[PDB]
Amino acid sequence: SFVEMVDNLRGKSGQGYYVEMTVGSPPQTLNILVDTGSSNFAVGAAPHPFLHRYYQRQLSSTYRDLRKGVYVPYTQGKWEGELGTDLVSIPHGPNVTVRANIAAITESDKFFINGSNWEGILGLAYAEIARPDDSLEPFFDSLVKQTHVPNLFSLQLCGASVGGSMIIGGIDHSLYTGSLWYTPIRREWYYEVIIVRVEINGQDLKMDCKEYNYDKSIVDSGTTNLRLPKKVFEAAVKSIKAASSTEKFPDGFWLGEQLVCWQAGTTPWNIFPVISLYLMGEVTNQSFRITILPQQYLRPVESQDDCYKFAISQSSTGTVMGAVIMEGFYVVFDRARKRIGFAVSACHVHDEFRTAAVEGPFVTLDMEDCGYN
Ligand SMILES: CCCN(CCC)C(=O)c1cccc(C(=O)N[C@@H](Cc2ccccc2)[C@@H](N)C[C@@H](C)C(=O)Nc2ccc(F)cc2)c1
């Protein structure tokens with residue numbers, strides 16, 4: 001049942017959302033980070049200063065060695081591991097056990113976060129970008145193949161310790177208000193979408209829409225910030241900087257290096273603009289926009305003063321729709337129908353005068369005009 005899967009995600013702000021999983025026989029409990037931005041299921045398999053527990057292949061009778069080395073470089077951080085198969089379960093997910101590929105992390109650089117409470121990564125994206133090759137079946141692919149669990153999952157990430165829901169095998173209707181708006185998955189590698197228009201405070205950025213997706217645009221639960229290509233970032237910052245001319249900022253603030261503070265509860269939310277990302281619909285006249293408040297891109301950081309970090313950074317590998325974007329919304333990864341749905345989450349940040357929204361329809365440009373090749 002879907003009720004059993006509600007509130008099954010936990011985490012710490014800016015340290016990722018994780019799900020409880022068991023590996024091996026007898027089952028070993030491990031918290032695993034939910035990452036829609038990669039395709040490898042990997043778990044710490046050796047002692048680490050940041051790990052409280054790890055996967056022990058010697059203690060599992062159902063463990064099978066694949067005798068193959070694997071290495072995955074992320075945008076930030078990387079790990080090395082030995083490949084193998086074992087029985088995997090999700091206690092607060094569907095009541096099933098599956099044989100899946102597991103990368104036993106032996107060494108890593110800047111991957112694990114100190115006190116994050118997670119011990120591994122669940123790559124929910126497609127085989128095309130799995131390491132070392134697309135022949136290594138990702139976990140969700142293994143789950144669908146072995147069971148009757150529908151080829152669909154949905155993420156409801158809630159902001160300010162953080163909680164959330166990963167509904168495996170369908171959609172939970174109590175976790176969203178209004179309508180679900182779907183955007184096509186352009187290619188089955190990352191969860192690649194197409195951004196067709198960007199509006200800041202109702203003003204069009206007036207950029208070639210191919211720039212918004214320069215290289216690509218991806219939906220990534222394993223990235224905190226909203227990330228934009230160099231050119232788009234430059235224009236976006238120029239808009240937010242000009243909208244908030246009343247307050248003075250340090251130079252490092254816009255680069256995610258410095259924090260800005262105000263008096264307790266005297267945060268000037270009003271002068272910070274809303275950002276509208278328009279996502280191409282399955283039909284071009286059925287496109288829609290997701291609007292995010294300053295409360296989403298100005299992340300709270302730990303003095304009675306309220307301090308905030310600018311949670312928009314530039315990218316070299318295209319747009320990344322991180323937690324910042326996802327946190328206000330119920331995001332449905334409809335793999336079966338090659339599309340991603342957006343709806344207003346039940347756990348949204350409540351602004352007095354403004355509201356985060358998924359609104360449509362809109363007429364926009366299509367894949368020919370906005371897609372990069
Ligand atoms: C959420 C925790 C807080 N952090 C980490 C702490 C600063 C962030 O918000 C953060 C900030 C910047 C970058 C990344 C980042 O690289 N995240 C990784 C996931 C991950 C999660 C936790 C620890 C480190 C990495 C992906 N989600 C990124 C994708 C694009 C990618 O590399 N795919 C990819 C790469 C190779 C491949 F063969 C196929 C696919 C994450």
Side-chain angles (χ1 to χ4, degrees), residues 8-93 97-125 129-133 136-143 155 161-162 164 166 168 220-224 323:
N8 69 343
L9 300 178
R10 294 262 159 226
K12 273 128 169 258
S13 47
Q15 301 203 334
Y17 292 79
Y18 58 77
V19 77
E20 185 172 291
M21 277 168 118
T22 58
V23 190
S25 308
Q28 284 173 59
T29 309
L30 295 158
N31 286 125
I32 310 298
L33 185 129
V34 165
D35 180 30
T36 52
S38 63
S39 312
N40 270 90
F41 185 35
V43 291
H48 195 268
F50 295 170
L51 290 185
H52 281 310
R53 63 214 173 158
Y54 59 101
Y55 180 36
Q56 296 177 273
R57 298 163 284 173
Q58 65 263 52
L59 292 170
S60 165
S61 65
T62 47
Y63 168 70
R64 279 170 206 161
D65 204 357
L66 278 174
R67 258 155 290 164
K68 267 161 137 275
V70 71
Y71 156 76
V72 176
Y74 303 99
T75 304
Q76 250 194 254
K78 54 188 126 100
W79 53 257
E80 230 155 81
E82 270 141 29
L83 283 174
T85 49
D86 216 330
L87 301 175
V88 197
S89 268
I90 308 129
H92 297 295
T97 318
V98 282
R99 185 157 281 273
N101 296 295
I102 295 139
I105 299 160
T106 38
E107 40 188 62
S108 59
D109 188 46
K110 287 157 207 114
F111 176 60
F112 299 115
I113 301 150
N114 179 273
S116 72
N117 212 43
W118 59 263
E119 294 90 38
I121 192 152
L122 183 69
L124 290 162
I129 54 143
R131 301 280 180 127
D133 48 49
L136 195 87
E137 208 168 81
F139 171 78
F140 206 80
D141 285 79
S142 283
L143 173 58
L155 290 172
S161 248
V162 294
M166 179 167 75
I168 298 127
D220 193 355
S221 58
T223 301
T224 295

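Hydrogens, waters and symmetry mates play no part in the numbers below; they use all other heavy atoms, side chains included. Along the sequence shown, the residues carry numbers beginning at 1.
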4.5 Å side-chain heavy-atom contact, [X] and [Y]:
| X | Y | result |
| --- | --- | --- |
| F111 | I105 | yes |
| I32 | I90 | no |
| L143 | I168 | yes |
| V23 | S60 | no |
| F139 | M21 | yes |

Just do the side chain to side chain contact (heavy atoms under 4.5 Å, CB included) check on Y54 and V43 with the steps written out, would you?
CA-CA 7 Å; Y54 59 101; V43 291; over 6 Å; no

State the CG-CZ distance between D86 and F41, to the nearest 0.5 angstrom.
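These two atoms lie 9.5 Å from each other.
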
Give, for atom OH of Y63 and atom CG of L87, the distance between the pair rounded to the nearest 0.5 Å.
13.5 Å

Run the side chain to side chain contact (heavy atoms under 4.5 Å, CB included) test on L155 and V34 for me, step by step, so that the C-alpha distance in whole Å, both residues' side-chain angles and the decisive distance to 0.1 Å come before the verdict.
CA-CA 9 Å; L155 290 172; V34 165; 3.8 Å; yes

Counting N and O atoms only, with roles assigned by atom type, does the side chain of [X] sit under 3.5 Å from a partner on the main chain of [Y], one being a donor and the other an acceptor?
| X | Y | value |
| --- | --- | --- |
| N101 | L136 | no |
| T36 | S221 | yes |
| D109 | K78 | no |
| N40 | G123 | no |
| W118 | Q15 | yes |

Taking the six-membered ring for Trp, are the ring centroids of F50 and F112 within less than 6.0 Å of each other?
no

Salt bridge (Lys or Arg N to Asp or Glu O under 4.0 Å) pairs touching residues 111-122, sequence neighbours excluded, are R53-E119

Could you note down all residue pairs passing salt bridge (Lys or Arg N to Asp or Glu O under 4.0 Å) where residues 8-31 supplies at least one of them, sequence neighbours left out?
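Qualifying pairs, neighbours excluded: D7-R10.
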
Identified salt bridge (charged side-chain N to carboxylate O under 4.0 Å, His left out) partner of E82 from the options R57, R67, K68
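The salt bridge (charged side-chain N to carboxylate O under 4.0 Å, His left out) with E82 is passed solely by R57 among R57, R67, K68.
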
